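Asks: no FASTA, just this:
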């Protein structure tokens, strides 16, 4: 990412050091999934009847 | 079911005794499923890569 | 395990057979023309192999 | 077992938070008009939490006061325009403010 | 004031990581100390939350980060006057440096 003025875009004021993003492979088998925080009740059984 | 002629449909020639069909409830959680005959290899792993 | 997936495999004999037309546009075939029909195999609850 | 189904349950802490607009028709809000934003919570691989529990209390701050007002209900922040101008809205998980 | 290590046995300690596949964690034979291990090349964000198991009250650290892991290429260059070139480089902290 580079920061410019809104009024001047011909030259950047600042540039960031680049962040890496590491993408993880999925397993292509459609599997009903929940993700819950710790110590927490889930209404899933009622919501899906 | 009732059998008629294709020319005469005003009265049935024959009627069957009624068949019952017993519908079973699903569990509405989308779950990747196979159904294989006995003693049989499956290509599923290659087909889904 | 957090990226993982789940699946079911049923093992059964064939219980029923169904011949059905592959996307027909009339109920009929002409002299010199042709239509294709798929064979479906099912278990004791209508699940397709 | 032949009619049965399978499912996964993950148990994790919240790792990331995202405030995103609910079907915006514009990048600008008119004076007296309003827009709503959903709060998403994610794990360490970007998977979205299916239910947040009763501990997921949110807060919001507004860097230029009286340009807008905000109000939170469940995991949705709604805002209203009061004066023209620029503002940053900030939103955080109250009792884990990182 | 810090608490003494002998009081950490009363505390609910909960570590937090974004990328456990690059940097793994275990707790040690002391409740106050954890052992980290690098598994593959990358960068990971880390924090810890402590909670009281009588009052449910908690506090959290700053977020910190750890990288899992500099030389120049070539070490010798030959040019003619009016020549142009770029210097290339390997290893270190390429996401932070």
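Replies: Yep, it's here. Numbers count the residues shown, from 1 in each chain, chains lettered A, B, ... in the order given.

Asks: Every contact and neighbour count from this point should use C-alpha atoms.
Replies: Fine.

Asks: Can you tell me, leaving aside adjacent residues, what's nearest to the most centrally placed residue in chain C?
Replies: The centroid of chain C falls nearest to residue C:40 when counting by Cα atoms, centre = their mean (3.3 Å). Of all residues not flanking residue C:40 in the chain, residue C:18 sits nearest, at 5.0 Å (Cα to Cα, 6 or more residues apart in numbering or on different chains).

Asks: Residue C:15 too?
Replies: Excluding its sequence neighbours, the residue lying closest to residue C:15 (Cα to Cα, 6+ apart) is residue C:43, at 4.7 Å.

Asks: Let me know the helix or strand that the residue nearest to residue C:40 is in.
Replies: For residue C:18, the host element (DSSP states H and E) is strand C:16-21.

Asks: Within the sheet, what are the partner strands of that strand, with directions?
Replies: Using DSSP bridges, strand C:16-21 pairs in its sheet with strand C:37-42 (antiparallel).

Asks: Which parts of the chain are strands?
Replies: In the absence of a named chain, this looks at chain A. Ranges of strands in chain A, per DSSP state E, are A:2-3, A:14-15, A:33-36.

Asks: look at chain E instead
Replies: Listed in chain order, the strands of chain E (DSSP E) span residues E:12-17, E:23-27, E:34-38, E:42-51, E:58-60, E:64-68, E:71-73, E:88-90.

Asks: Which strands or helices does the last one pack on?
Replies: Right, strand E:88-90. strand E:71-73 (3 or more Cα pairs under 8 Å, 6 or more residues apart in numbering or on different chains; DSSP states H and E).

Asks: about what we covered before: could you check how far the residue nearest to residue C:40 is from residue C:36?
Replies: Between residue C:18 and residue C:36 the computed distance is 13 Å (Cα to Cα, to the nearest Å).

Asks: residues in chain A within reach of chain D, list them.
Replies: A:24, A:31, A:32, A:33, A:34, A:35, A:36, A:37, A:38, A:40, A:41, A:42 (Cα under 8 Å from any Cα of the partner chain).

Asks: From these, keep the buried residues only.
Replies: Buried subset of these (neighbour count, 16 or more other Cα atoms under 10 Å in any protein chain shown): A:31, A:32, A:33, A:34, A:35, A:36, A:37.

Asks: Residue C:41 against residue C:49, yeah?
Replies: Yes. Counting by Cα atoms under 8 Å, residue C:41 touches residue C:49, with 5.9 Å between them.

Asks: if we look at stretch A:41-49, which residues are touching it?
Replies: Under the criterion Cα atoms under 8 Å, 6 or more residues apart in numbering or on different chains, residues A:36, B:28, D:51, D:53 lie in contact with stretch A:41-49.

Asks: can we see that at 7 Å?
Replies: Stretch A:41-49 has contacts (Cα atoms under 7 Å, 6 or more residues apart in numbering or on different chains) with D:51, D:53.

Asks: quick one on the thing from earlier: same list, the strands of chain E, but as a markdown table with mean neighbour count please.
Replies: As requested, the strands of chain E are exported to a markdown table (neighbours: other Cα atoms under 10 Å in any protein chain shown):
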| stretch | mean neighbour count |
| --- | --- |
| strand E:12-17 | 17 |
| strand E:23-27 | 15 |
| strand E:34-38 | 13 |
| strand E:42-51 | 18 |
| strand E:58-60 | 15 |
| strand E:64-68 | 14 |
| strand E:71-73 | 11 |
| strand E:88-90 | 11 |
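
Asks: Make JSON lines out of the ones you listed and add distance to residue A:4.
Replies: Formatted as JSON lines, the strands of chain E follow (distance: least, Cα to Cα, whole Å):
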{"stretch": "strand E:12-17", "distance to residue A:4": "33"}
{"stretch": "strand E:23-27", "distance to residue A:4": "36"}
{"stretch": "strand E:34-38", "distance to residue A:4": "38"}
{"stretch": "strand E:42-51", "distance to residue A:4": "28"}
{"stretch": "strand E:58-60", "distance to residue A:4": "35"}
{"stretch": "strand E:64-68", "distance to residue A:4": "28"}
{"stretch": "strand E:71-73", "distance to residue A:4": "31"}
{"stretch": "strand E:88-90", "distance to residue A:4": "28"}
